[PDB]
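In what follows, a structure is listed as C-alpha cells, so that the remarks can point back to it.
Number of protein chains: 2
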Amino acid sequence: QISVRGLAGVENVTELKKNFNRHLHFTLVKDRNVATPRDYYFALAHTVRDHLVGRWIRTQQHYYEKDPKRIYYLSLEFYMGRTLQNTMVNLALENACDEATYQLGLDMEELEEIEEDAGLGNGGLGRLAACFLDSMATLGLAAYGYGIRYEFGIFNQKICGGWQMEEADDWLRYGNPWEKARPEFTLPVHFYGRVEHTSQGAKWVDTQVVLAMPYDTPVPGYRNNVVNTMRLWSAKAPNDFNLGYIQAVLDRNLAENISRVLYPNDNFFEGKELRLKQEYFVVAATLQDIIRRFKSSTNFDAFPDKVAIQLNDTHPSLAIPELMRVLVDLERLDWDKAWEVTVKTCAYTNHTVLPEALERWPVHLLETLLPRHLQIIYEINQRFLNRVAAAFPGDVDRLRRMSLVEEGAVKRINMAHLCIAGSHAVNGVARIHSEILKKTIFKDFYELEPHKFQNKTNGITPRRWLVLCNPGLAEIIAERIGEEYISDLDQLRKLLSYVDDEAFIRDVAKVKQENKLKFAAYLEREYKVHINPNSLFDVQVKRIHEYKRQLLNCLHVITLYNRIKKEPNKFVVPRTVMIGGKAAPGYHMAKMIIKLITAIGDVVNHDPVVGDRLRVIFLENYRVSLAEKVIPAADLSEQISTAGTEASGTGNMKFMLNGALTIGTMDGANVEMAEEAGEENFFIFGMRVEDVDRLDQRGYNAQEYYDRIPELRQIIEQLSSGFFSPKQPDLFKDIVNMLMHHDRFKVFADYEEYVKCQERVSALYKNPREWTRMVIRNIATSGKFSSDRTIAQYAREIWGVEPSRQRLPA
Amino acid sequence: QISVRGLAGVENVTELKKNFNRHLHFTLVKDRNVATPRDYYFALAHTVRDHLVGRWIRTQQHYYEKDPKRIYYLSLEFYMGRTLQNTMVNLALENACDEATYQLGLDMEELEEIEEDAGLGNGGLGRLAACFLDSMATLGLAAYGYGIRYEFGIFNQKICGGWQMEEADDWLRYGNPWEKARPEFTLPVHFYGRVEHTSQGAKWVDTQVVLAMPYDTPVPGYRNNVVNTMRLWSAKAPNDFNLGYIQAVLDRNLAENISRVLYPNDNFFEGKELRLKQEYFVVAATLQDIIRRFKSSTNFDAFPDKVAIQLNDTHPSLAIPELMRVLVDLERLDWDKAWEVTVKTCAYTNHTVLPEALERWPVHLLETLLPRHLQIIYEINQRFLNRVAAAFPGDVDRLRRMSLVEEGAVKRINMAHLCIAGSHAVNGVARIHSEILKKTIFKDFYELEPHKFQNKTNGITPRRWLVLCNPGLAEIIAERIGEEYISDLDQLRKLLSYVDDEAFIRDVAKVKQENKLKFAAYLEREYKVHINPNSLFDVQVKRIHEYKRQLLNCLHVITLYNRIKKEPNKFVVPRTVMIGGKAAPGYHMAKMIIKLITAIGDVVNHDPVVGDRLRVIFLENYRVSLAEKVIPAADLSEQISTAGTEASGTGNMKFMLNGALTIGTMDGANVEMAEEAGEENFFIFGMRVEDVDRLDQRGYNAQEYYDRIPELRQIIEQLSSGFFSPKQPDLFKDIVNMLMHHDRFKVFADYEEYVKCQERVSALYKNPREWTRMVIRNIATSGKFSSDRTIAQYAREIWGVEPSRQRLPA
Ligand SMILES: CCCCCc1cc2cn([C@@H]3O[C@H](CO)[C@@H](O)[C@H](O)[C@H]3O)c(=O)nc2o1
Ligand SMILES: CCCCCc1cc2cn([C@@H]3O[C@H](CO)[C@@H](O)[C@H](O)[C@H]3O)c(=O)nc2o1
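First to last, the protein sequences are chains A and A'. A prime marks a further copy of an entry chain. Residues 12 to 254, 261 to 314, 324 to 836 in the entry's author numbering are what the first sequence lists, from first letter to last. Residues 12 to 254, 261 to 314, 324 to 836 in the entry's author numbering are what the second sequence lists, from first letter to last.
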C-alpha cells in the first residue's frame with residue numbers, strides 16, 4: 012500500500028501464505044472453522060519469527076569467529092511493548108504480510124491489536140533500555156540485553172469511580188512466541204551463607220541455591236540482517252530443595274518468587290529484601306554467563331578489551347563487588363589487578379538527582395543476604411578513602427560525604443558512590459542533568475576524578491517512534507527526501523527547505539488530521555468516550571509524579587473552565603486536554619492527583635455552557651502501545667517539570683518527532699530540543715534552574731502567590747470548598763494542603779508564566795498554516811534525538827568500539 | 012530392521028529427514044554444531060507430533076458430525092510414561108524414524124532415553140487409566156481422559172545409605188512437546204462461600220474463584236488413525252485476585274498450588290484439604306466442559331444417551347453431587363429428574379477392600395469448602411435411607427451401616443457409599459475382588475440393588491507391554507502367526523500348536539537371553555552394579571506395601587543365603603533377586619522394608635563364599651520406563667500378596683505376556699491367570715481367601731510359626747541380633763516386632779509353603795527346555811488380559827456403546 016513498508020513480492024506473498032497455514036495447522040492445531048483472531052495473531056507471529064531465526068543463528072556465529080568486544084547492557088527494566096510490527100518493519104516484511112493476510116481475508120491491523128505488551132518496565136528508564144537495544148542492533152554492535160523475565164510486568168490500571176485500581180499483568184497467559192527457553196544454560200545463584208577464612212583466602216559457604224534459567228528473545232537490527240539477543244533470567248528452585262514432602266514441594270515457590278513481579282515504584286526507594294534479591298539474582302547469573310563467554314575465545327588482562335558492562339542506574343550496582351568476588355575468590359587474582367580490570371569494564375548511567383530515588387541499602391540487609399559482598403564493599407570503601415585523604419589531606423568532611431558507607435540511625439551503603447568508585451565512566455542523560463551532577467550531588471567525586479564524568483543525551487528509536495506508529499508522516503517525509511533518514515535521522519534537516527512549500531504544508535497537516543480522527547475513533551470503540559477532533563489535542567502522558575507537575579496542568583484546565591464560565595459567549599480555541607499515566611501503588615499523592623483529574627472531568631465534560639470547547643480525558647492504562655497511538659495524534663506536548671528535576675525526558679522527543687509543538691520548562695532534554703529547533707519554535711515558560719535556587723535560598727512561600735493572583739485564589743477555593751467533590755467536600759484537603767504548605771516543586775511559582783504561555787499557544791493555533799510551519803521546523807531538527815546518535819556516542823566515548831552500518835549477508 | 016516396526020518408505024524416510032532439520036533450525040533454533048542429544052530428541056519428537064495433528068483434528072471433526080455417545084474417564088492419576096515410541100508404534104513410523112535418524116548419524120534408541128516419564132500417577136490405578144486410554148482409542152470409542160496437570164508427578168527415588176530420599180520430579184523443566192495449552196477454554200471453579208435460599212431456590216455465593224486451564228494431549232489409536240484427547244487441568248489465579262500490591266501478586270500462588278503436586282500415598286487415606294481441593298477442582302472443570310459439549314449437539327433426558335462418566339475410584343466422587351448441583355441449582359430441573367439423569371450417567375470402579383484406603387471426608391471440611399455439596403449429600407442420604415427402610419423395614423442396623431454419613435468422634439462422609447447410591451453400575455477389577463465386594467464390604471448394598479454390581483477384570487495394553495518394550499518377542503510371535511494379534515490378543519492362543527516345535531522353543535529362549543544380557547548391561551552403565559546373566563532373574567516390582575509382602579520375599583532370600591552358608595559346596599540354581607518400588611513418604615514401615623532390602627544386599631553381595639550364586643539388588647526409581655526394561659528381562663514374577671488383599675494386580679499380567687513364570691498366591695487376577703494357563707503352568711502356594719478367614723476367626727498367633735520352624739527362628743534371630751545391621755544392632759526392631767505381634771498380613775503363615783514352592787521353581791529352571799515350554803503355555807493364554815477385552819466389556823455392559831475396529835481415513 013505505502014512505500015516505506017517494503018515490497019510485496021509475488022513469491023514472498025505466496026510463501027507467507029503457506030507458512031501461515033502450516034502454523035495454523037501444525038503449531039496451533041486449529042483449522043479455519045475454529046480459529047479465533049487470537050489463533051490468527053499467533054500463526055502470523057510464528058510466521059514472522061520464522062524469518063528471524065536464520066539471521067539470529069548467523070549473527071551469533073559471526074560474533075564467534077570475529078570475536079569483537081561485547082557490550083552487556085544490564086537493567087532491571089526492559090520496556091519492550093509489542094514485537095510483531097517492529098519485527099516486520101526491521102525485516103521489511105510489512106507490506107508482504109499485509110498482502111499475504113489480506114488474501115487470506117484477514118485484517119493484519121486487527122491482528123496486531125491482539126498482542127500483549129511486554130511491560131517489563133515502569134517508564135523512561137525501562138523504555139530507554141528498549142530503544143537502546145534496537146539502536147545497538149541497527150549499528151551492528153555485538154551487544155546483549157540482560158534482565159529478569161518477570162512473570163508479571165507493570166500492573167494494568169483500571170479507573171473505578173475515578174480511583175486507580177491495580178490488576179496483575181498476566182502477559183504470558185496465552186504464551187509468548189518471541190522467546191526461546193534455554194534450560195540448558197541454567198546457572199546457580201547463591202544467597203545467605205557465611206564467610207570462612209582459609210590459608211587459601213575467603214570462602215562463601217552454606218548458601219541457599221536458586222537456579223537462574225535464561226530466555227532468549229531476538230532483537231533485529233534495521234534492515235541490516237543483524238539479530239542480537241535479549242537474555243532474561245527466570246528463577247527455578249533446585250530439585251533437592253528443602254528435600261513434610263507436600264509442603265517441601267509447595268515451598269519451592271519461595272525461591273521462584275524472585276522473578277515473579279516487577280517492582281512498580283519509580284518515585285521512591287524501598288529497601289525491601291525481595292528487590293535486593295532481584296538485583297543480586299540478575300547480576301550473579303549475568304556475570305557467570307559473561308565470564309563463560311569470555312573463557313571460550324587465566325588471562326584477565328584482556329578482559330576489558332573483550333567485555334564492556336553498562337549499568338542502567340544503580341540497580342545492578344552489585345556487578346562491581348560481584349566481579350571482584352569472582353576475580354579474587356574464584357580466579358585468585360590479587361586485589362589491585364582485579365580492581366583495575368573491574369573499573370575498566372564497568373560504566374554507570376545516572377537517571378535522577380531526587381534524593382529519595384537514590385538506592386541506599388541498610389547494612390543489616392547486606393550482611394544477612396550477601397555477607398561477602400559487604401566485605402568487598404568495606405574494602406572498596408577503605409582503599410577509596412585513602413585516595414581521597416591523600417588528594418585532599420586534612421579534609422575530614424570530604425571523607426564523610428564521600429564514604430560509600432553512610433552513618434546514621436541505620437548504616438546504609440550508598441550505591442551511587444559504589445558505581446562512581448568502581449566505574450571508568452559516569453554519565454548523565456541530558457546536558458543540564460550532567461552539569462547539575464558535576465555541580466551538586468557528585469561535586470566531590472568530580473573534583474577527585476574529573477575524567478570519569480561525561481554526558482550522553484538520551485534519544486528514542488525512529489523505527490518504533492516514527493516509521494512504526496506514524497506511517498503517514500514517514501511516507502510523506504520519504505516522498506520528498508528518501509528513506510535513508512530512517513537510520514540517519516540527521517537527514518530530516520533537509521525538510522527545512524520545504525518549510526515554505528505549499529504541498530508539504532498541506533500534507534503535514536493532513537497526516538495530523540488523519541491521526542486525530544483515527545485516535546478519536548479509538549476513543550469511542552474501546553472506551554466509549556466522545557471528542558471533537560477539530561480541537562487542539564493537549565496531552566500530558568508519563569508516570570504520575572509531583573515533580574512532573576500534572577497538578578500545574580490541572581490548574582490551567584480549571585482556569586480555562588473558569589474563564590469560560592465568566593464570559594461564556596466569547597470565543598476560545600477549543601481543546602481536548604488528555605492526561606494519562608500510572609501511579610506507583612503506595613504513592614498516596616500520586617493517586618490523589620489521578621482522582622482530581624477525573625473529578626475535573628466530571629464537572630467540565632458535563633457543563634452545557636462549555637459545549638465542546640473544553641474536554642478533560644484521563645487516558646487509562648498508559649503503556650507503550652497506547653503511546654504509539656496517542657503520540658502521533660497530539661498537537662501540544664506538555665513537559666512541565668520544575669527546572670532541575672527531570673533528568674532528560676524521552677516522551678518529549680517522541681512528540682517532537684511526530685508533529686506536536688512543545689510547551690515546557692528549560693528542564694532536561696527540553697533545553698537541547700529548543701536549542702536545536704530555535705527558542706522561537708518552542709513554548710518555553712517559567713523558572714530556570716537558577717531561579718529555583720534563588721527561591722530556595724530565601725524560602726518558597728506559596729501564600730504570596732495565593733495572595734496576589736485572584737484567578738489562582740479562586741481555584742484553591744473551589745478545591746477546598748467541595749466544588750469538584752460535592753459528596754465529600756473535604757476530599758482534596760491533602761492536595762490543597764500540600765500546595766499551600768509543603769510543595770517541594772513550586773507549582774504556584776510557575777502558574778502565571780504557564781497560563782500566559784498557554785494563551786500564546788492558542789493564538790498560534792488560530793493560524794493553521796503558521797502552526798504547521800512551526801511543526802515542520804520542529805520535526806526537521808529532531809535528528810539529534812535518535813538513539814542512534816546516543817548509542818554511537820556510548821560506543822566511541824565509553825565502550826571503545828566502532829559502530830558499523832554494514833549489512834550482514836542473508 | 013524388524014517387521015512389526017513398519018515400512019521404511021523411500022519417500023517417508025526423506026520427508027522425516029527434512030522435517031527433522033526444519034524443527035532443529037526453526038523450532039529449536041540450533042544448528043548441527045551446537046545441538047545436544049536433548050535438541051535431537053526434541054526435533055524428532057516435534058517431527059513425530061507433526062504426523063499426529065492432522066489425525067487429531069480429523070478425529071475431533073468426525074465426532075462432531077457423527078455425534079456418538081461420549082465417554083469421560085475421570086481420574087486423579089494418569090500414569091503415562093514416555094510418549095515418543097508409543098506414538099511411533101501406533102502410527103507405524105518406528106522403522107522409518109530409525110532409518111531417517113540413522114542417515115542423520117544419530118541413534119534413535121539413545122534419543123528415546125532422553126524423554127522424561129509423565130509420572131502423573133502412583134502405580135496400578137494410574138497406569139490402568141493409561142492402558143485404558145490406549146485401548147479406547149484403539150477401539151474407536153469417542154472417549155476423553157480428564158485429570159489434573161500436576162507440575163510435579165511422583166517423586167524420583169534416590170537410595171542414600173540404603174534409605175529412600177525423595178526428590179521432586181520436575182518433568183516439565185525442558186518443556187513437553189506433546190501437550191497443547193488451550194487458555195481459550197478456561198473455566199471458573201468455585202470454593203468456600205455460603206448458601207443463600209431464595210423464593211427461586213438455593214444459591215452458592217461469596218466464593219473464591221480459581222480458574223482451570225486445560226492442556227490437551229493426543230492419544231493415538233493402534234494403526235486406525237483415531238486420535239482421542241487427554242485433557243488435563245491447571246490452576247491459575249484470577250487477575251483481580253486479592254486485588261500490599263507485591264504480596265497480593267505473590268499470593269496468587271495459594272490458588273495455583275491446587276495443581277502443583279500429585280499426592281504420593283497409595284497406602285492410606287489422608288484427610289488433607291489440598292487433596293479435597295484437587296478432587297473438586299478436576300470434577301467442577303470437567304463437568305462444565307462436558308455439559309458445554311452436550312449443549313452444542324434444555325433437554326437433559328437425552329443426557330445419559332450422550333454422556334457416560336466413569337469414576338476411577340472415589341477420587342472424583344464429587345462428580346455426583348456436582349452434577350446434581352448444576353442440574354438442580356443452575357438448570358432448574360426438579361430433584362427426582364436430575365437424580366435419574368445422574369445415576370444413568372455415572373458408574374464407579376472400586377480398587378481395594380483395605381479399610382484404611384477408603385475415603386471418608388470429615389464433615390467440617392466439606393462444610394467450609396463445599397457447603398452446598400454437603401446439603402446435596404445430606405439430601406442424597408436421606409432419600410436413599412428411605413428406600414433402605416422401605417425394603418428392609420425395622421432393620422435399624424442396616425440403616426447405620428448404609429448411611430453415607432458415619433457417626434463417631436468426627437462425622438465423616440463415606441465416599442464409596444456415595445458412589446454406589448448415585449451410580450448405575452459398580453465394578454471390581456478381578457473376579458475374586460468383585461465376589462469379596464458382594465460378600466463383605468458392600469454386602470448390604472448388593473442385597474438392595476443386586477443389578478448394579480458387575481466385574482471387569484483388569485488388563486494391560488499389548489502395544490506398550492509387548493510390541494514396544496519387547497520387539498524381539500513380538501517379531502518371533504509375528505513370524506509364526508501374523509501381526510493381527512497386536513489388537514486381538516486372543517490369537518496368541520494359536521502359539522499353543524508351537525509348544526513342541528524345536529525352532530520356536532529355541533527362539534523364545536534366545537529372546538529372553540537377549541533381554542537379560544541387555545538389562546544386565548543397563549545395570550552396569552547406569553548404576554555401576556554387576557550381575558551374572560545366567561542366573562534366574564527373580565523380580566518383585568511394585569509399590570512397597572505390607573500387603574504386597576516384599577517381606578515374605580526377604581525371608582526367602584535370607585533363607586537361600588543361610589542354606590548356602592550351611593552346605594557351601596552343594597549346588598544351588600543361582601539367582602538374581604531384584605526388588606523395586608517406591609514407598610509413600612510418611613509410610614514408616616514401607617521405608618523400613620526398603621532399608622532391610624539393601625541391608626540384605628550389603629551382606630549377601632559381599633560374601634566370598636556365596637560367589638555369584640545369590641545376588642540381591644534393590645532397583646532404584648521404579649517407574650513406567652524402568653518397568654519397560656526390567657519386565658521383558660525377567661524369569662520369575664513375584665505376586666505374593668496375602669489372599670484377599672490385592673484387588674487385581676496388573677504387573678502380574680505384564681510379566682505373563684513377556685515370558686516370565688509366576689510364583690503367587692490365589693489373589694486378585696492371579697486366580698484368572700492360572701485358570702487360563704492351567705494350574706500346572708503356574709507356581710501357586712499358600713492360603714486361599716478361606717484359609718485366611720479361618721485363621722482370623724481363631725486368631726493369628728505368629729509365635730506358633732516361630733516355634734515350629736527352626737529356619738524361620740534363625741532369621742528372626744539374625745534380624746534381632748544385628749546380623750544385618752552391625753553398627754545399629756537394634757535397627758530392625760520395629761519389623762521383628764510387627765512380624766511377631768501385629769502382622770495384619772500373616773507373613774509367617776505362608777512362609778513354609780512359599781519356600782517349598784520356590785524349590786520347585788529352581789527345579790524346573792534346571793531343565794531349560796521344560797522351563798520354556800511352560801513359558802510358551804503362559805504367553806499363549808495371556809490373551810484375556812488385554813485392556814482391549816476389558817474396555818470392550820465396559821463399553822457393552824456399562825456404557826452402552828459398541829466398539830469399532832474400523833480405520834478412519836488418512
Ligand atoms: C528503586 C529506584 C526507584 C526510583 C529510581 C528511578 C529513577 C528514574 C529515572 N527515570 C527516567 O529515566 C529516563 C531515561 O534516562 C529519563 O529520560 C527521565 O528523565 C528519568 O526520570 C525513570 O523513568 N524511572 C527511574 O526510576
Ligand atoms: C487417597 C486414596 C489412597 C489409597 C487408595 C488406592 C487404592 C488403590 C488401588 N490400586 C490398585 O489398582 C490397580 C488397578 O485396578 C489394581 O490392579 C491393584 O490391585 C490395586 O491395588 C492402586 O494402584 N492404588 C490405589 O490407591
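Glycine included, each C-beta is placed from N, C-alpha and C at the ideal position.
Using a Cβ-Cβ cut-off of 8 Å, A/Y262 is close to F166, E177, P281, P611 and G612 of chain A', given in chain order. Collapsing the DSSP output to three states places A'/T671 in coil. Boundaries of the beta strand (DSSP E) harbouring A/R386: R386 to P388, taken from the DSSP string. Every unbroken stretch of the beta strand (DSSP E) spanning 3 or more residues and falling wholly within the region 357-421 of chain A' is given here in chain order: 372-375 and 386-388.
For the options A'/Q305, A'/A107, A'/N187 and A'/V436, the alpha carbon positioned closest to that of A'/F53 is the one of A'/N187.
Counting other Cβ atoms within 10 Å of its Cβ, A/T98 reaches 16 or more and is therefore classed as buried. A/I462 carries a helical assignment under DSSP once its states are collapsed to helix, strand and coil. Neighbours of A/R184 in chain A', taken as residues at a C-beta separation under 7 Å, are given in chain order as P194. Cβ proximity to chain A' below 7 Å picks out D61, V64, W67 and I68 from the region 61-84 of chain A.
Taking every protein chain shown into account, the CB of A/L356 has fewer than 16 other CB atoms within 10 angstroms, so this residue is exposed.
Boundaries of the alpha helix (DSSP H) harbouring A/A111: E105 to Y113, taken from the DSSP string.
Using beta-carbon distances, A/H459 does not count as an interface residue toward chain A', since no partner is under 8 Å. When Cβ-Cβ separations below 8 Å define contact, A'/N284 makes no contact with chain A. Identification of chain A residues near A'/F163 by a Cβ-Cβ cut-off of 9 Å yields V266 and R269, ordered along the chain. For A/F286 against A/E385, the beta-carbon gap comes to about 6 Å, under 8 Å, which counts as contact. For the 8 Å CB-CB criterion, A'/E432 and A'/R438 form a contact. Chain-order list of chain A' residues neighbouring A/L391: empty, with the shortest C-beta distance near 16 Å, by a criterion of under 7 Å. A distance criterion of 7 Å places the beta-carbon of A'/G612 beyond contact range of ligand 2, judged by its closest non-hydrogen atom. Around the Cβ of A'/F811, a 10 Å sphere holds 16 or more other Cβ atoms; the residue is buried.
Under a 10 Å Cβ-count criterion, A/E195 is classified as exposed, with fewer than 16 other Cβ atoms of the shown protein chains found around its own Cβ. A Cβ of chain A' is located within less than 8 Å of the beta carbon of A/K191. Where A/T58 is concerned, the enclosing alpha helix (DSSP H) starts and stops at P48 to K77. For chain A', the residues of the region 44-61 of chain A that bring a beta carbon within less than 8 Å of one of its beta carbons are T47, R49 and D61, in chain order. Judged by beta-carbon spacing, A'/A610 lies beyond the 8 Å limit of A'/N167, meaning their Cβ atoms are not closer than that value. Legend: CB atoms of the region 597-610 of chain A lying less than 7 Å from CB atoms of chain A' are not found in any residue.
The residues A107, in chain order, have a CB closer than 6 Å to that of A/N23 in the same chain once the five nearest residues on each side in sequence are set aside. Judged by pairs of C-beta atoms under 8 Å, the region 16-36 of chain A' touches the region 53-64 of chain A', as three or more such pairs exist. Counting every other CB atom within 10 Å of its CB across the protein chains shown gives A'/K608 a total of 16 or more, marking it as buried. Taking 8 Å as the CB threshold, A/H36 lines the interface with chain A'.
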